[PDB]
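The block underneath contains the structure these notes are about, expressed in structure tokens.
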Amino acid sequence: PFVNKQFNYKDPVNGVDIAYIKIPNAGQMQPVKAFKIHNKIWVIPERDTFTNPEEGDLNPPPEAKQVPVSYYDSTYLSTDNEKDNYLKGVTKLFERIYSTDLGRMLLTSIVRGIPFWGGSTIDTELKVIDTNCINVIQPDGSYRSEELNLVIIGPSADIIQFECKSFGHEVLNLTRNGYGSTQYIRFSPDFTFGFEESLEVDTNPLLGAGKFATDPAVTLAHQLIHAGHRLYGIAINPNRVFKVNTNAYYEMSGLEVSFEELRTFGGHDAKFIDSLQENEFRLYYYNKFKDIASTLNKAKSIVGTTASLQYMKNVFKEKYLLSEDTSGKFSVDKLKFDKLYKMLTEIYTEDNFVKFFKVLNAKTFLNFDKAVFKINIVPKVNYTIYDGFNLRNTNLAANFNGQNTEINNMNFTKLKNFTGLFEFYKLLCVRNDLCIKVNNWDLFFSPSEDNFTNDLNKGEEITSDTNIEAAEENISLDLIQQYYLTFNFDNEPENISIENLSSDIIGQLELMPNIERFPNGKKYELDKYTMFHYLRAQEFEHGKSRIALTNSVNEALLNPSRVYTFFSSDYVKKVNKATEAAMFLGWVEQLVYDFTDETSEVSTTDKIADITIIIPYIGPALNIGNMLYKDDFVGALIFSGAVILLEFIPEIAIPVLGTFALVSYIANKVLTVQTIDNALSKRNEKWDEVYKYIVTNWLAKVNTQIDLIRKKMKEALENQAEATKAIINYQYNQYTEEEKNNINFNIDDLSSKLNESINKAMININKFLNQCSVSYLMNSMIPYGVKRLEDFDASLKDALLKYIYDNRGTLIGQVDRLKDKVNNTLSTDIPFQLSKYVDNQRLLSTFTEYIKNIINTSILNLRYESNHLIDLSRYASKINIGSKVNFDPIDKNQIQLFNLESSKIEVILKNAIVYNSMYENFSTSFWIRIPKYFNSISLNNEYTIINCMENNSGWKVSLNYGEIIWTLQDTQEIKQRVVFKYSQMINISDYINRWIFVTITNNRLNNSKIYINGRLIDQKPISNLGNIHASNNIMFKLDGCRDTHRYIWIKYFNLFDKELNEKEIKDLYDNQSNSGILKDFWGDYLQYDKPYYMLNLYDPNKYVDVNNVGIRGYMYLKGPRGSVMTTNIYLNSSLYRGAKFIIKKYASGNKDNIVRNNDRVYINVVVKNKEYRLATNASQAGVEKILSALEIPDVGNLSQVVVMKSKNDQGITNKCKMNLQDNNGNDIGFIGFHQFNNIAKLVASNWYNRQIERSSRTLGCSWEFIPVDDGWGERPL
Ligand SMILES: [Zn+2]
């Protein structure tokens, strides 16, 4: 820390702060020269050759160590100069670390570390473990033992194998027992690791060129964070490793991250460790301290120094944050411990440092380094304490340029990795065997299910004084700030003179686990091609090959010029074809554009709330489609969901949650009323544990994969840009030889381009990915955990209601409110807040948008997507569709079901995901389309359309002559039904043969409501209905319809696991109305070329009629619209009356024949088997324009274009649908009628236009198109 005096290697040894140290090693050891950069921190610029006897050889091994990166240089740090530079650097980084709040604290804990005085010399005595000191050679040839705390030596063989090294004890785990011991950090500030980014792009649009460098400070900071743990004897056993599955072509051959490694990194990595294991350690170390206190508390004497036993007892007092009374006895204050621990453990972590140092760095410990670099930090021009590489001013600070080894090329010297490229690998063969050498450190992680401990099954007794939950302070910079303030920076252990130790302190390193070499080669003969294969097929041989030509098909990895793409053929074309230099730059522009073009493709799939943004080429870039129902990734993903991306499917074991036992109290109100609260509280907490748990499982099994892909793609895209830089290159590589011609093709600029083109591409791919992650979590992992909670919840309620009962008379004046409190709480879940377990601004932000759409909420949501009737909410397991089930050809999401027992759709919901307390509070909505009841059979015949019962298992939608019903019924067969009844004796109905939005709400504690088209039609209490079954499957089929020709049309069936409120209902309702599409009088999308009868909503009793064809003729509303009936059944004004209307395309055609909100169209009036053209003369007289049915060829420049409408300019629905316009583009007006001497000719008046703005009064322009419909048995006269 800080380091007071600037050293130089040659500076004369002086017994202190610069001496000839004799580290505690084994056997003899010529003293080594080390400096004291600070109280308790020495620096030996030698290669760690001493610490380990079996490590004196600094030469590389004929066999490579299974590590992604390695580097050797027997000669490194040999010269006396190198030492000095090493000295200069190790320091500068301490200064770097030290110049940060976080840094500052850590170095104070490290210096304060001080290995406990074990040396167990007689219980009661205190003593120094000589292995924690060093002998310091004084000038006069003497030597005085000195206590040490942390030492920095040079790297051993493998230069970049930085690590913490401590000497062990004969019988003590000085690193895992609380004692702590002097640490020897093998570190070098002359080499770094290069890594690649593929996220920051979101914030940094112009992110660096390629591989970035890792600020040495972080690395050092990472290593100290380790010395910290060890100094405080809190290091996790290195026998604790996150097991990894290896057998699989996609799995990582070998890799064993330690918990203490995942711990030290922090970020999410640290979240891989389940809560149960987390607290396992805590208590473990919390007890190590308790013994420290004990050890101290009974220490009478102290052999060794001339420092007061009190002094000593105090150092360790101030170290471990012990608390002592007046007698001087020590104790471990749990609450105070949790803090110290929390600090050494979660505040001080690599990720947290990456915040203080504002540098770019790996965002996970599982992001394997791909390089080594020779850096030189000493010169300020290179690296500064404050800015590092990203120097102020310098063009390095805009986008971690200083860290970009390519941009800041001058500061990074690409060295030779010593792990080839296929050292550790896997052999992947397709089905010409067709295999590929896939790099080990290039395969998938894949945590072993073992790792995820749990313990969620243990039930629990809930006394009255149980201890309630605790936050999950995500260690925000704010919390750090707090810690900083409350941080104690003054006073640092004195250099307590200890009595000389052995001239040769006997060492012996703590024993690290053995490096289990891992198998290599391992062959994999597979079926389908792999993402690895595809990726492979996009690299192509360096360059000395023949001008490679892009070419689809995986066989694109058989030719020496093996290259493949996921781009549109045309690109292939443009690229694969000679281009005369006369015309070259054009080409460049072309490709670039086309690149940046193809590369930015994003599907909106708005009609799919869940995963909005979509990058289609992903499927064919990584062959992600996983081969399903043949191609169409964007359709593939939709049919399955983000699952189609996982190289492997993670499971979620969420045991049958235990239960709370309730300790009862005899005639003790308080104590009782307090237990119920503790019960409920712990339950709340109970939900948190589960959520937090699946987030850990989601964080390592799922999210990790998605991230690999995230890289993979980024890899892909580059593989492409790299070739299009090859090809294009080859061309100009055979240039005309004419200088001055073109400001150079600037390959180092076309690249600057292709860079951006890809950088943005990733911005899209990333969003897309983030969605598949969050989303996958929400519909494939949470549901499971929830089920169990909801179960638990369902149980606890009883257990609680009972408790209350069993204790009434003691809960005298409260046996109701408590009964209400328990019933009120345990009647709704505990929302899953992702922010409670994740800081990730990326994912949370995502999670937020996902939550906004109430649809992603639904436990069942089935639309007709792509080519299937699927349950986008991923709850259904098998959606069996009948054979007599028809799907409207237009909007196939409109299902029609007949009376035939063969037309039916049954949906079964994944059992594991289905809890029986599922239908207490829940809503259901769907759009209905009921034909008209013509017969009388229909009367008093209630057929059922939607049924979900398991022997009296409530709710099943039924129909009966002019009414829709919803009946709830419990096992105790008590049933309650709410009904919406619609008369069939109306001129014009709002429900007959039309589409009706229906939503049914259910609140166990309240009533069952039925909403028709948004408004509440009726409600009936249900606070009396007993328990209800949770039917595993729902059946869509009419049942008991005596009518033979009865059928219905359902649409947008959804099922919500909560009581949708009015607002929600109305929102949901407006959303499923496709306001951008005009409608049938019955609700279908209006359509082009499809004769409709006009029904004027203002004067429903009339009907359009063409007085006389021609401009000298007119159209008007004719007399009395006939009636229709069938005594005792219906008496509706007739519809299929008057002249038909035919909408003709005019703007954007050939496309679907659906008429959309703002289409310019043509209205052909069909007069006497002939079709004319409704037009007018915008040059008439008044505002009104009479309109006539002209002869299509005689129309000419007359006003005929009608702008169809659906949403008022303001945005409000309006019936006024036809706005006529003059060719000049003007606005002649909406079409309506108008009295002209008691004739009311159809007219296009600009009046409505005006009114439609103001009010929303049904106006004379309130038209309605009526096609003939099998639902309206009426016969078109
Ligand atoms: Zn580490």
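For the structure tokens, the naming scheme is as follows: chains receive sequential letters (A, B, ...) according to their order of presentation, residues are indexed from 1 within each chain, and ligands are indexed from 1 in presentation order.
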For this session: Do a neighbour search on stretch 923-932 of chain A at 7 Å with only C-alpha atoms, toss out local chain neighbours closer than 3 positions, and write the hits as a list in words.
Result: residues 992, 993, 994, 995, 996, 997, 998, 999, 1000, 1001, 1002, 1047, 1048, 1049, 1050, 1051, 1052, 1053, 1054, 1055, 1056, 1057, 1058, 1059, 1060, 1271 and 1272 of chain A
Can I get the selection written as a PDB file, in the first residue's frame, with C-alpha atoms?
ATOM      1  CA  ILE A 992     -74.942 -12.490 -32.133  1.00  0.00           C
ATOM      2  CA  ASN A 993     -72.654 -14.343 -34.451  1.00  0.00           C
ATOM      3  CA  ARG A 994     -69.955 -11.930 -33.498  1.00  0.00           C
ATOM      4  CA  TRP A 995     -66.703 -11.941 -31.678  1.00  0.00           C
ATOM      5  CA  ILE A 996     -66.851 -11.323 -28.033  1.00  0.00           C
ATOM      6  CA  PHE A 997     -63.991 -10.786 -25.725  1.00  0.00           C
ATOM      7  CA  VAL A 998     -64.546 -12.697 -22.545  1.00  0.00           C
ATOM      8  CA  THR A 999     -62.637 -12.585 -19.319  1.00  0.00           C
ATOM      9  CA  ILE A1000     -63.503 -14.470 -16.230  1.00  0.00           C
ATOM     10  CA  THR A1001     -61.995 -13.569 -12.925  1.00  0.00           C
ATOM     11  CA  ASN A1002     -61.730 -15.715  -9.854  1.00  0.00           C
ATOM     12  CA  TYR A1047     -70.434 -24.772 -33.335  1.00  0.00           C
ATOM     13  CA  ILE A1048     -68.346 -21.941 -32.067  1.00  0.00           C
ATOM     14  CA  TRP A1049     -65.260 -19.976 -32.794  1.00  0.00           C
ATOM     15  CA  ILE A1050     -62.775 -19.454 -30.033  1.00  0.00           C
ATOM     16  CA  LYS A1051     -59.780 -17.232 -30.148  1.00  0.00           C
ATOM     17  CA  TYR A1052     -56.913 -16.140 -28.014  1.00  0.00           C
ATOM     18  CA  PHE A1053     -57.545 -18.408 -25.119  1.00  0.00           C
ATOM     19  CA  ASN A1054     -55.467 -17.437 -22.137  1.00  0.00           C
ATOM     20  CA  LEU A1055     -55.254 -18.441 -18.537  1.00  0.00           C
ATOM     21  CA  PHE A1056     -53.937 -16.216 -15.802  1.00  0.00           C
ATOM     22  CA  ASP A1057     -52.685 -17.260 -12.424  1.00  0.00           C
ATOM     23  CA  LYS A1058     -54.053 -14.169 -10.768  1.00  0.00           C
ATOM     24  CA  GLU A1059     -57.195 -12.100 -10.668  1.00  0.00           C
ATOM     25  CA  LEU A1060     -56.967  -9.716 -13.568  1.00  0.00           C
ATOM     26  CA  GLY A1271     -73.705 -17.737 -38.410  1.00  0.00           C
ATOM     27  CA  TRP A1272     -76.391 -15.582 -39.814  1.00  0.00           C
TER      28      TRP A1272
END
For this session: Could the residues that lie within 10 Å of ligand 1, counting only C-alpha atoms and all ligand atoms, be listed as number ranges by chain?
Result: A: 161-164, 219-227, 257-258, 260-265, 350, 365
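With only C-alpha atoms as the atoms that count, the minimum distance from residue A:1035 to the choices A:955, A:242, A:1088, A:571 is reached by A:955.
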Exercise. Quick one: residues within 10 Å of stretch 101-108 of chain A, only C-alpha atoms counted, chain neighbours fewer than 2 positions away excluded, as a PyMOL selection string?
Worked result: chain A and resi 1-2+41+94-99+110-113+217+221+224-225+228+343-344+347-349+352-353+355-357+477+480-481+483-485+487-492
Could you please take those selected residues and save N, CA, C and O atoms as a compact mmCIF listing (two decimals), in the first residue's frame?
# COMPACT_ATOMS: atom_id res chain seq x y z
N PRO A 1 0.81 -1.21 0.00
CA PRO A 1 0.00 0.00 0.00
C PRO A 1 0.83 1.24 0.00
O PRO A 1 1.76 1.36 0.77
N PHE A 2 0.49 2.15 -0.88
CA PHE A 2 1.19 3.40 -1.02
C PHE A 2 2.67 3.24 -1.28
O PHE A 2 3.15 3.66 -2.31
N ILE A 41 4.85 -5.98 3.88
CA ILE A 41 4.75 -6.37 2.50
C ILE A 41 6.09 -6.30 1.82
O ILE A 41 6.53 -5.23 1.46
N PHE A 94 0.42 -1.44 -6.84
CA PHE A 94 -0.03 -1.38 -5.48
C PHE A 94 -0.58 0.01 -5.32
O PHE A 94 -1.57 0.22 -4.66
N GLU A 95 0.08 0.95 -5.95
CA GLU A 95 -0.33 2.32 -5.93
C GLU A 95 -1.62 2.43 -6.68
O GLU A 95 -2.46 3.25 -6.37
N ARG A 96 -1.79 1.62 -7.67
CA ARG A 96 -2.99 1.65 -8.44
C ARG A 96 -4.10 1.14 -7.58
O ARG A 96 -5.11 1.78 -7.44
N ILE A 97 -3.90 -0.02 -7.01
CA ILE A 97 -4.91 -0.61 -6.18
C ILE A 97 -5.19 0.30 -5.03
O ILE A 97 -6.33 0.51 -4.67
N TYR A 98 -4.15 0.86 -4.49
CA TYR A 98 -4.26 1.74 -3.36
C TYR A 98 -4.98 3.02 -3.62
O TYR A 98 -5.49 3.63 -2.72
N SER A 99 -5.02 3.45 -4.85
CA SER A 99 -5.68 4.67 -5.17
C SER A 99 -7.15 4.48 -5.37
O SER A 99 -7.77 5.28 -6.02
N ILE A 110 -5.18 -6.50 4.52
CA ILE A 110 -4.07 -7.36 4.21
C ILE A 110 -2.92 -7.10 5.12
O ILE A 110 -2.31 -8.03 5.60
N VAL A 111 -2.62 -5.85 5.37
CA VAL A 111 -1.51 -5.52 6.23
C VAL A 111 -1.87 -5.82 7.67
O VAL A 111 -1.04 -6.14 8.49
N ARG A 112 -3.15 -5.78 7.93
CA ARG A 112 -3.70 -6.04 9.21
C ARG A 112 -3.93 -7.51 9.42
O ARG A 112 -4.19 -7.94 10.51
N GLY A 113 -3.82 -8.27 8.35
CA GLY A 113 -4.03 -9.69 8.40
C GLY A 113 -3.36 -10.38 9.54
O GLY A 113 -4.01 -10.91 10.39
N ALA A 217 -3.56 -4.38 -12.69
CA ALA A 217 -4.06 -4.07 -11.37
C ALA A 217 -5.13 -5.05 -10.93
O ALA A 217 -5.09 -5.54 -9.82
N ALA A 221 -5.01 -7.33 -7.96
CA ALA A 221 -6.08 -7.16 -7.01
C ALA A 221 -6.78 -8.47 -6.76
O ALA A 221 -7.27 -8.72 -5.69
N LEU A 224 -4.60 -10.51 -4.37
CA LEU A 224 -4.57 -10.00 -3.01
C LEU A 224 -5.84 -10.41 -2.37
O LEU A 224 -5.85 -10.81 -1.23
N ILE A 225 -6.92 -10.29 -3.10
CA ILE A 225 -8.19 -10.70 -2.59
C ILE A 225 -8.05 -12.11 -2.11
O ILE A 225 -8.84 -12.56 -1.32
N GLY A 228 -5.91 -12.06 1.13
CA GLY A 228 -6.80 -11.58 2.15
C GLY A 228 -7.51 -12.71 2.82
O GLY A 228 -7.50 -12.80 4.03
N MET A 343 -17.09 -8.64 4.11
CA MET A 343 -16.17 -7.77 3.46
C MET A 343 -15.07 -8.52 2.79
O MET A 343 -14.85 -8.38 1.61
N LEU A 344 -14.35 -9.31 3.56
CA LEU A 344 -13.28 -10.09 3.03
C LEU A 344 -13.80 -10.97 1.95
O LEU A 344 -13.08 -11.37 1.07
N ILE A 347 -17.20 -7.88 -0.64
CA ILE A 347 -16.89 -6.53 -1.03
C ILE A 347 -15.61 -6.59 -1.83
O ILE A 347 -15.52 -6.05 -2.90
N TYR A 348 -14.63 -7.26 -1.28
CA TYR A 348 -13.35 -7.40 -1.92
C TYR A 348 -13.38 -8.51 -2.94
O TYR A 348 -13.05 -9.63 -2.62
N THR A 349 -13.78 -8.21 -4.14
CA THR A 349 -13.80 -9.21 -5.17
C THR A 349 -13.40 -8.59 -6.46
O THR A 349 -13.57 -7.40 -6.63
N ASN A 352 -15.84 -6.34 -8.17
CA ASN A 352 -15.96 -5.07 -7.52
C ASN A 352 -14.82 -4.12 -7.82
O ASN A 352 -15.00 -2.92 -7.77
N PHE A 353 -13.66 -4.65 -8.12
CA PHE A 353 -12.54 -3.81 -8.43
C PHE A 353 -12.66 -3.29 -9.83
O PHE A 353 -12.23 -2.20 -10.13
N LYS A 355 -14.87 -2.14 -11.00
CA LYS A 355 -15.73 -0.99 -10.94
C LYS A 355 -14.93 0.23 -10.58
O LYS A 355 -15.03 1.25 -11.22
N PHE A 356 -14.13 0.11 -9.56
CA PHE A 356 -13.30 1.19 -9.15
C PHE A 356 -12.33 1.50 -10.22
O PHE A 356 -12.22 2.62 -10.63
N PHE A 357 -11.59 0.52 -10.69
CA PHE A 357 -10.72 0.79 -11.79
C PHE A 357 -11.75 0.79 -12.88
O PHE A 357 -12.49 -0.16 -12.98
N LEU A 477 -22.19 -0.14 -4.90
CA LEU A 477 -21.10 0.75 -4.63
C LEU A 477 -21.40 1.57 -3.41
O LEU A 477 -20.51 2.06 -2.76
N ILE A 480 -20.47 -0.31 -0.37
CA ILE A 480 -19.03 -0.27 -0.25
C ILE A 480 -18.66 1.04 0.39
O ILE A 480 -17.82 1.08 1.26
N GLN A 481 -19.31 2.08 -0.07
CA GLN A 481 -19.10 3.41 0.44
C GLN A 481 -19.33 3.43 1.91
O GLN A 481 -18.58 4.03 2.64
N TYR A 483 -19.14 0.87 4.02
CA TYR A 483 -18.02 0.17 4.58
C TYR A 483 -16.78 1.00 4.62
O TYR A 483 -15.99 0.87 5.53
N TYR A 484 -16.63 1.85 3.64
CA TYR A 484 -15.47 2.69 3.56
C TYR A 484 -15.40 3.69 4.64
O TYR A 484 -14.35 3.90 5.21
N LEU A 485 -16.52 4.33 4.91
CA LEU A 485 -16.60 5.33 5.93
C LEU A 485 -16.37 4.70 7.26
O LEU A 485 -15.49 5.11 7.99
N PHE A 487 -14.91 2.40 7.80
CA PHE A 487 -13.66 1.70 7.75
C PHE A 487 -12.62 2.35 8.62
O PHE A 487 -12.49 3.55 8.63
N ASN A 488 -11.88 1.53 9.33
CA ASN A 488 -10.86 2.01 10.23
C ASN A 488 -9.48 2.04 9.64
O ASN A 488 -8.81 1.03 9.66
N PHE A 489 -9.06 3.18 9.16
CA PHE A 489 -7.76 3.32 8.54
C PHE A 489 -6.56 3.68 9.38
O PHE A 489 -5.46 3.60 8.89
N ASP A 490 -6.74 4.09 10.61
CA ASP A 490 -5.60 4.44 11.40
C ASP A 490 -5.04 3.29 12.18
O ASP A 490 -5.71 2.31 12.40
N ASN A 491 -3.80 3.43 12.58
CA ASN A 491 -3.10 2.42 13.32
C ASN A 491 -2.96 1.16 12.52
O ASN A 491 -3.91 0.62 12.00
N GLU A 492 -1.74 0.69 12.44
CA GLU A 492 -1.38 -0.48 11.69
C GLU A 492 -0.41 -1.21 12.59
O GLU A 492 0.43 -0.61 13.22
Problem set entry | Residue set, stretch 278-494 of chain A restricted to strand (DSSP E or B), as a PyMOL selection string | chain A and resi 305+323-324+330-331+373-374+384+388+404+413-414+425-430+435-439+444+447+460-462
For this session: Name the residues in contact with residue A:956 at a cut-off of 6 Å, using only C-alpha atoms, excluding same-chain residues fewer than 6 positions from it; report them as an MDAnalysis selection string.
Result: chainID A and resid 946:948 967
For this session: Mind checking which residues fall within 10 Å of residue A:28, counting only C-alpha atoms, ignoring those fewer than 4 positions away in the same chain, and posting them as a ChimeraX atom specification?
Result: /A:22,24,50,503-506
Problem set entry | All alpha helix (DSSP H) residues (DSSP, backbone) inside stretch 32-126 of chain A, as JSON, numbers by chain | {"A": [80, 81, 82, 83, 84, 85, 86, 87, 88, 89, 90, 91, 92, 93, 94, 95, 96, 97, 98, 101, 102, 103, 104, 105, 106, 107, 108, 109, 110, 111, 112, 113]}
For this session: For residue A:1240, list every protein, DNA or RNA residue within 12 Å, evaluated using only C-alpha atoms, and leave out those in the same chain fewer than 2 positions away; present the list as a PyMOL selection string.
Result: chain A and resi 1099+1102-1107+1114-1119+1184-1187+1232-1238+1242-1244+1260
Output of the above residues as a JSON list (two decimals), in the first residue's frame, restricted to N, CA, C and O atoms:
[["chain", "number", "residue", "atom", "x", "y", "z"],
["A", 1099, "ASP", "N", -78.35, 5.03, -39.17],
["A", 1099, "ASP", "CA", -79.69, 4.76, -39.58],
["A", 1099, "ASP", "C", -79.73, 3.31, -39.97],
["A", 1099, "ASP", "O", -79.68, 2.97, -41.13],
["A", 1102, "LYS", "N", -82.28, 1.54, -42.74],
["A", 1102, "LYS", "CA", -82.18, 1.72, -44.16],
["A", 1102, "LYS", "C", -81.07, 0.89, -44.73],
["A", 1102, "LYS", "O", -80.37, 0.21, -44.01],
["A", 1103, "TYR", "N", -80.92, 0.93, -46.03],
["A", 1103, "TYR", "CA", -79.87, 0.19, -46.69],
["A", 1103, "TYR", "C", -79.49, 0.90, -47.96],
["A", 1103, "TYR", "O", -80.33, 1.45, -48.64],
["A", 1104, "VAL", "N", -78.22, 0.88, -48.28],
["A", 1104, "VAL", "CA", -77.71, 1.54, -49.45],
["A", 1104, "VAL", "C", -78.33, 1.08, -50.74],
["A", 1104, "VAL", "O", -78.60, -0.09, -50.92],
["A", 1105, "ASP", "N", -78.54, 2.01, -51.63],
["A", 1105, "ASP", "CA", -79.11, 1.71, -52.91],
["A", 1105, "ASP", "C", -78.59, 2.67, -53.95],
["A", 1105, "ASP", "O", -78.45, 3.85, -53.68],
["A", 1106, "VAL", "N", -78.29, 2.17, -55.12],
["A", 1106, "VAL", "CA", -77.80, 3.00, -56.20],
["A", 1106, "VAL", "C", -78.93, 3.48, -57.06],
["A", 1106, "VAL", "O", -79.36, 2.80, -57.95],
["A", 1107, "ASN", "N", -79.41, 4.67, -56.77],
["A", 1107, "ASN", "CA", -80.48, 5.25, -57.54],
["A", 1107, "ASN", "C", -80.34, 4.99, -59.01],
["A", 1107, "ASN", "O", -81.19, 4.39, -59.63],
["A", 1114, "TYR", "N", -76.99, 8.74, -58.34],
["A", 1114, "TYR", "CA", -76.51, 8.81, -56.99],
["A", 1114, "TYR", "C", -76.83, 7.59, -56.18],
["A", 1114, "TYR", "O", -77.53, 6.71, -56.63],
["A", 1115, "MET", "N", -76.29, 7.55, -54.99],
["A", 1115, "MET", "CA", -76.54, 6.46, -54.09],
["A", 1115, "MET", "C", -77.17, 7.08, -52.88],
["A", 1115, "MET", "O", -76.82, 8.17, -52.49],
["A", 1116, "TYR", "N", -78.10, 6.38, -52.29],
["A", 1116, "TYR", "CA", -78.80, 6.87, -51.13],
["A", 1116, "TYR", "C", -79.20, 5.72, -50.27],
["A", 1116, "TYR", "O", -79.09, 4.57, -50.67],
["A", 1117, "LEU", "N", -79.67, 6.01, -49.09],
["A", 1117, "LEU", "CA", -80.11, 4.96, -48.22],
["A", 1117, "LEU", "C", -81.56, 4.69, -48.51],
["A", 1117, "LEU", "O", -82.41, 5.56, -48.38],
["A", 1118, "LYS", "N", -81.84, 3.48, -48.92],
["A", 1118, "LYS", "CA", -83.16, 3.08, -49.28],
["A", 1118, "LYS", "C", -84.05, 2.85, -48.10],
["A", 1118, "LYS", "O", -83.61, 2.89, -46.97],
["A", 1119, "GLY", "N", -85.30, 2.59, -48.39],
["A", 1119, "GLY", "CA", -86.29, 2.36, -47.39],
["A", 1119, "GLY", "C", -86.02, 1.37, -46.30],
["A", 1119, "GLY", "O", -84.90, 1.00, -46.06],
["A", 1184, "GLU", "N", -70.75, 18.60, -48.83],
["A", 1184, "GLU", "CA", -71.16, 17.26, -49.15],
["A", 1184, "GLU", "C", -70.78, 16.91, -50.56],
["A", 1184, "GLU", "O", -70.66, 17.77, -51.41],
["A", 1185, "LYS", "N", -70.58, 15.65, -50.80],
["A", 1185, "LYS", "CA", -70.25, 15.16, -52.10],
["A", 1185, "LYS", "C", -71.08, 13.92, -52.28],
["A", 1185, "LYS", "O", -70.83, 12.91, -51.66],
["A", 1186, "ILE", "N", -72.07, 14.02, -53.13],
["A", 1186, "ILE", "CA", -73.01, 12.96, -53.36],
["A", 1186, "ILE", "C", -72.58, 11.55, -53.71],
["A", 1186, "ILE", "O", -73.29, 10.62, -53.39],
["A", 1187, "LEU", "N", -71.46, 11.36, -54.35],
["A", 1187, "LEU", "CA", -71.03, 10.01, -54.65],
["A", 1187, "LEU", "C", -71.92, 9.30, -55.64],
["A", 1187, "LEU", "O", -73.12, 9.30, -55.50],
["A", 1232, "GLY", "N", -70.70, 9.15, -45.63],
["A", 1232, "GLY", "CA", -71.88, 9.01, -44.84],
["A", 1232, "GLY", "C", -73.04, 9.35, -45.71],
["A", 1232, "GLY", "O", -72.93, 9.29, -46.91],
["A", 1233, "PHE", "N", -74.16, 9.69, -45.13],
["A", 1233, "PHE", "CA", -75.31, 10.03, -45.92],
["A", 1233, "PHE", "C", -75.70, 11.44, -45.67],
["A", 1233, "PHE", "O", -75.05, 12.12, -44.91],
["A", 1234, "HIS", "N", -76.74, 11.90, -46.31],
["A", 1234, "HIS", "CA", -77.17, 13.26, -46.13],
["A", 1234, "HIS", "C", -78.43, 13.60, -46.86],
["A", 1234, "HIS", "O", -78.52, 13.42, -48.06],
["A", 1235, "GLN", "N", -79.39, 14.11, -46.13],
["A", 1235, "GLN", "CA", -80.66, 14.49, -46.67],
["A", 1235, "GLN", "C", -80.56, 15.49, -47.79],
["A", 1235, "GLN", "O", -79.92, 16.50, -47.65],
["A", 1236, "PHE", "N", -81.21, 15.21, -48.89],
["A", 1236, "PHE", "CA", -81.22, 16.10, -50.02],
["A", 1236, "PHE", "C", -82.62, 16.12, -50.55],
["A", 1236, "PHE", "O", -82.89, 15.60, -51.62],
["A", 1237, "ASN", "N", -83.51, 16.72, -49.79],
["A", 1237, "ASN", "CA", -84.90, 16.80, -50.13],
["A", 1237, "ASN", "C", -85.54, 15.48, -49.81],
["A", 1237, "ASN", "O", -86.30, 14.94, -50.59],
["A", 1238, "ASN", "N", -85.21, 14.97, -48.65],
["A", 1238, "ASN", "CA", -85.74, 13.71, -48.20],
["A", 1238, "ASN", "C", -85.35, 12.57, -49.09],
["A", 1238, "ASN", "O", -86.19, 11.82, -49.53],
["A", 1242, "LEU", "N", -75.91, 9.07, -50.38],
["A", 1242, "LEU", "CA", -74.67, 8.83, -49.72],
["A", 1242, "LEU", "C", -73.84, 10.03, -50.05],
["A", 1242, "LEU", "O", -73.91, 10.54, -51.14],
["A", 1243, "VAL", "N", -73.06, 10.48, -49.11],
["A", 1243, "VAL", "CA", -72.27, 11.65, -49.32],
["A", 1243, "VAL", "C", -70.94, 11.60, -48.64],
["A", 1243, "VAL", "O", -70.80, 10.98, -47.61],
["A", 1244, "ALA", "N", -69.97, 12.23, -49.23],
["A", 1244, "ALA", "CA", -68.66, 12.31, -48.66],
["A", 1244, "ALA", "C", -68.56, 13.72, -48.16],
["A", 1244, "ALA", "O", -68.33, 14.62, -48.93],
["A", 1260, "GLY", "N", -73.16, 9.49, -39.10],
["A", 1260, "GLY", "CA", -73.68, 9.01, -40.33],
["A", 1260, "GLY", "C", -72.64, 8.27, -41.11],
["A", 1260, "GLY", "O", -72.97, 7.64, -42.10]]
Exercise. A:463, A:305, A:987, A:568: which is nearest residue A:662, counting only C-alpha atoms?
Worked result: A:463
